[PDB]
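Side chains included, hydrogens not; waters and symmetry mates left out as well; all remaining heavy atoms used. Letters A, B, ... are given to chains in the order of the sequence lines, protein chains preceding strands, and every chain is numbered from 1.
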Amino acid sequence: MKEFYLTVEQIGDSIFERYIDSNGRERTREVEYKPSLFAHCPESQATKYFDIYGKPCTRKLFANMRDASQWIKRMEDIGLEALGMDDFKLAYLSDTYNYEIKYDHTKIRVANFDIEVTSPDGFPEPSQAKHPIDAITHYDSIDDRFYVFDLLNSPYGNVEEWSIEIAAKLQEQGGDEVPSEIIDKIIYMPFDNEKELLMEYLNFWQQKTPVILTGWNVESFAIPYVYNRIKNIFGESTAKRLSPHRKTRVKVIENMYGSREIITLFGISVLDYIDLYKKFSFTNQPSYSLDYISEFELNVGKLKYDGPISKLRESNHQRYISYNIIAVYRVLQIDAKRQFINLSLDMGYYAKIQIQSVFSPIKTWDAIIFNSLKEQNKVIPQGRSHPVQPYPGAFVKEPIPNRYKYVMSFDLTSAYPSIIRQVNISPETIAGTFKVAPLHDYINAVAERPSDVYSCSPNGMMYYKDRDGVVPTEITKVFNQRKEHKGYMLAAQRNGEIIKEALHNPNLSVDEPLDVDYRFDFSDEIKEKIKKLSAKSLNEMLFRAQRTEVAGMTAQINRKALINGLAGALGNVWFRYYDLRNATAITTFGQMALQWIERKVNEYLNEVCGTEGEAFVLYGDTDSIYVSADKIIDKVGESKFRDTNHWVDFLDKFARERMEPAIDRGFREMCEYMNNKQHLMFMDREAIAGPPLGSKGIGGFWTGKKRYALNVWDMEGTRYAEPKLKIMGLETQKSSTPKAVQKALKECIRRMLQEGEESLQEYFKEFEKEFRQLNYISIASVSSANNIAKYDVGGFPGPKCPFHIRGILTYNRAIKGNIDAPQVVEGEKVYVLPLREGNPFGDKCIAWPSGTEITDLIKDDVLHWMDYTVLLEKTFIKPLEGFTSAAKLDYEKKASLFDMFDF
DNA sequence: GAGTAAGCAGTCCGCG
DNA sequence: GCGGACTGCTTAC
Ligand SMILES: O=c1ccn([C@H]2C[C@H](O)[C@@H](COP(=O)(O)CP(=O)(O)OP(=O)(O)O)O2)c(=O)[nH]1
Ligand SMILES: [Ca+2]
Ligand SMILES: [Ca+2]
Ligand SMILES: [Ca+2]
Ligand SMILES: [Ca+2]
């Protein structure tokens, strides 16, 4: 097989690489790597190395990596550019794997682990590690085994062995309900003292050395706790055995809020799953506890136990160990669904970076572009310092706040990357400039055509048509990968809907789910069988379909993120190819595009409807337009339609057969106008929205920019079995809005959009009537707790103190001297509740860590003093007021002359 | 060390 | 009691 790297590190003048050899065996090697860098030379000098602008360079081959670094300094002291890859492990990887990396995941050791630590004195800080590590579950992807390290004897209690028989029993049977599919995979190792447990853990670590190290919060908790604990017991160099190359760094992160210390284990690629989740999932959760995310991603119940975690090992060791094991499994289950480890690996090897560098689009693209240019013997520029400057982004049309009955939306395929490719925007494709007209002049086709010769953006930039830039070339490769996966996700999504329609009439027989590939639209024959299947079979199929759609989602959305990342990175000063002319070329072309096509669409629709100057485009943002289809519908008359699906079919056909061509024609003209390399402005229909036919539903509404609601029947070709709400920006979409209020507001919106004013009024009355009976957590607000110290004036609120911070300060005072009350962590999320005046907390609000029940010592008082009135007004009524007034609708029956009668 | 646009809640402060 | 300037947080794209 072809060889591929596992990890690479630079240590002095040495490259340390773990790799898989041709026999598929894991190896390590120290390499005295001899780097190269480049200096411009005169034209007189024969060379095969040119920089990106075509200037000749001379190769400087250094005897070691320090030599190359010193040379960079000397070049700075002279005032001349030092060209080439300055991150030597990237050059090494590039030189060592000069071919497309084909990797095999079954040879890559992936470790998932979680430790337990009993603490009678509050949170066990990793930097101190003054408490015994009393459990470790470590899952090894190559043995496919959960290795369990269990401390029986500890200063905090001596316990009996954990029972695999009891762990496997149902909870309702006194057992721990450890999932059956992993019972046979547990290897249990009890220990009578800490020292032998850790020694045995290290010895096992050397034998099964992680390549990818993951789990939940491993980077901030488990890894540094294990390191510092081993350090304190055995010494630093023993703790250093956690590194395959016996090198570590007690690191520091430089950002915006705080000052922490994590451990860099050299020769290991750490991907804390919480970080993967935050980057790749595109959710913002009110909490990031594993219980919460597990419930969210998998619909498994919260791991139940009695009393604090600081007493769990002693009161119920049986459950303590089982839960340690289950928590490890849960991350594996989330990854089986989301597939972020697979994605990370795909991207890492594609770019030829250290795998942990997937968190940095900038690093990722620097490597991709470097490897691309090197193939053509081109020499990359030296990174330069730049001052941070703001620059303009997208256009957003101010919408008229209102209800909007029928709406058809259209949006450009991969807009920013497509602009890059259309205009040929790259550092080396710059041809010059032209004198700009005001933007509106391009929008309205009155401005002098920018160029006969070059490809242009209305920002003033000109690019070569006759040659490809490394940016367009490489962004196109990743775009095409993205396209393929979106194709799979949408097919699976459509297949899902075929299955949901078939569940309306489930057959009564014993059958099996069909062996199909959900990535491709079901054949007619498959559709026929589906119509005969049992409910059991169908639901299993729906599950499989939905798991396929999730996988395509992960793979498509994050390749999209990567390419969109390339466009944004051009405006980041740390990017080697930083250039505000290129960044601005994209955004400004985007602004023109959106407003250009708004004009063309109003023109076209006025023409086909035989009217003039009517406004069909009601709203737009970045690359999207929203079209009022009321007149399209009135033109034919609502009477002519059989059911809802009939008119959805009409507008679908209208968009595809009439509008899109007119849109295409409009953009091809703009392409010619800007003399672009390639026409790539593809604006496909997104949503088809309206009320159910015959209903009092209002279809949709806008309250302002980025704030709207649509009852959608078809989305990018997916015809839903049931209408689905498309809500953007409104409180139901915000993680700060309480759970039960999101739910309540959404149901209000659903009623407005599908049923009408009377239905809405009915529901509102009920909610206000019953809401006081909701669980306090479900009605608590959520906020990130940033810069807490800044507003802490002797335990009390300082000036300009934010509401949620004041609650944190209220919490701190009420738990002062409470030994095991959970401390709020700076930068993390809290629940927040308003308090009635005269409460025994002495302030107007309280806040405690999200995802957790509030400590029982102050829960009582919180429940008693919660201010339901304020909580409803603030989170529910006031947003609902915004929705309804914009929609010209009432949530409560207004007073009227009819009040004089008895109905 | 991907980007900008833009909405809403809240504090401070003015207002016979 | 509510506006406007201000920060903080959060979303749409
Ligand atoms: O996180 C983001 C989101 C958007 N955009 C910019 C760049 C985006 O190109 C642009 C439009 O945003 P969408 O309509 O959501 C996306 P796109 O067109 O990428 O992908 P489709 O083919 O529609 O799934 O906004 C960003 O720069 N960053
Ligand atoms: Ca735990
Ligand atoms: Ca788009
Ligand atoms: Ca059937
Ligand atoms: Ca869009």
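- Residues passing the side-chain contact (heavy atoms from CB on, under 4.5 Å) test with A:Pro286, sequence neighbours excluded: A:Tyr292, A:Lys739, A:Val782.
- Distance NZ (A:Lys251) to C1' (B:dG1): 11 Å, rounded to an integer number of Å.
- If you measure from atom CD of A:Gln733 to atom P of C:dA12, you get 6 Å, rounded to the nearest angstrom.
- Counting only N and O atoms by type, the side chains of A:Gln595 and A:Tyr442 include no donor and acceptor under 3.5 Å apart.
- Computed from coordinates, the A:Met728 CE to C:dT10 P distance equals 17 Å when rounded to whole Å.
- Non-hydrogen atoms lying under 4.0 Å from DNA chain B are contributed by A:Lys874, A:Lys878, all within residues 872-884 of chain A.
- Contact between the side-chain N/O atoms of A:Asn284 and the OP1/OP2 oxygens of C:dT10 is not found at any separation under 4.0 Å.
- Applying the side-chain contact (heavy atoms from CB on, under 4.5 Å) criterion to A:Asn284, with sequence neighbours excluded, gives A:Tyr288, A:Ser735, A:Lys829.
- Between A:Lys560 atom NZ and C:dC13 atom P the separation is 11 Å, expressed in whole Å.
- Taking the six-membered ring where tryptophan is involved, the planes of A:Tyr404 and A:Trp702 are perpendicular, since the angle between them exceeds 60° and thus also 30°.
- Residue-level contact check: A:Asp623 touches the backbone only, with heavy atoms under 4.0 Å from sugar-phosphate atoms and none from bases.
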Sequence neighbours left out, cut at 3.5 Å: what donor-acceptor pairs do the side chains of residues 783-793 of chain A make with other protein atoms?
from, atom 1, to, atom 2, distance (Å)
A:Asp792, OD1, A:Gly795, N, 2.8

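- Checking A:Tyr277 against A:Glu297 by side-chain atom types alone, a donor-acceptor pair falls below 3.5 Å.
- Contact annotation: A:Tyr619 does not reach the phosphate of C:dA12 (side-chain N/O to OP1 or OP2, under 4.0 Å).
- As a whole-Å value, the separation of A:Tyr257 OH from B:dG1 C1' is 15 Å.
- Distance A:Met256 CE to C:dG8 P: 10 Å, rounded to the nearest Å.
- Under 3.5 Å, the side chains of A:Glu731 and A:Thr737 contain no donor-acceptor pair of N or O atoms.
- Of the listed nucleotides (C:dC9, B:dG1, C:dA12), C:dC9 has the atom at the smallest distance from the side chain of A:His804.
- Pairs passing the salt bridge (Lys or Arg N to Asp or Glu O under 4.0 Å) check and including a residue from residues 869-879 of chain A, sequence neighbours excluded, do not occur.
- The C1'-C2'-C3'-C4' dihedral of C:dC6 is positive. Its furanose therefore counts as north.
- The CD atom of A:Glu731 sits 11 Å away from the P atom of C:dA12 (whole-angstrom rounding).
- Residue A:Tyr791 contributes atom OH, which lies 12 Å from atom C1' of C:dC9 at whole-angstrom precision.
- Put simply, A:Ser735 has a side-chain N or O that comes within less than 4.0 Å of OP1 or OP2 on C:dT11.
- Cation-pi geometry between A:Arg813 and A:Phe796 is met: the NZ or CZ atom falls under 6.0 Å from the ring centre, inside 45° of the normal.
- Among B:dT11, C:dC9, C:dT11, the nucleotide with an atom closest to any side-chain atom of A:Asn786 is C:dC9.
- Between the side chains of A:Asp621 and A:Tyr708, no donor-acceptor pair of N or O atoms lies under 3.5 Å.
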Please list each protein N or O that sits under 3.5 Å from an N or O in nucleotides 2-7 of chain B, with the distance.
from, atom 1, to, atom 2, distance (Å)
B:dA2, OP2, A:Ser360, OG, 2.7
B:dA2, OP2, A:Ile362, N, 3.3
B:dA2, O3', A:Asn572, ND2, 3.1
B:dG3, OP1, A:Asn572, ND2, 3.0
B:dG3, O4', A:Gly568, O, 3.2
B:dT4, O3', A:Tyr391, O, 3.3
B:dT4, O3', A:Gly393, N, 2.7
B:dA5, OP1, A:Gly393, N, 2.9
B:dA6, OP1, A:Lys705, NZ, 2.7

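- Ring stacking holds between A:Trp574 and B:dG1, with the centres under 5.5 Å apart and the planes within 30 degrees of each other.
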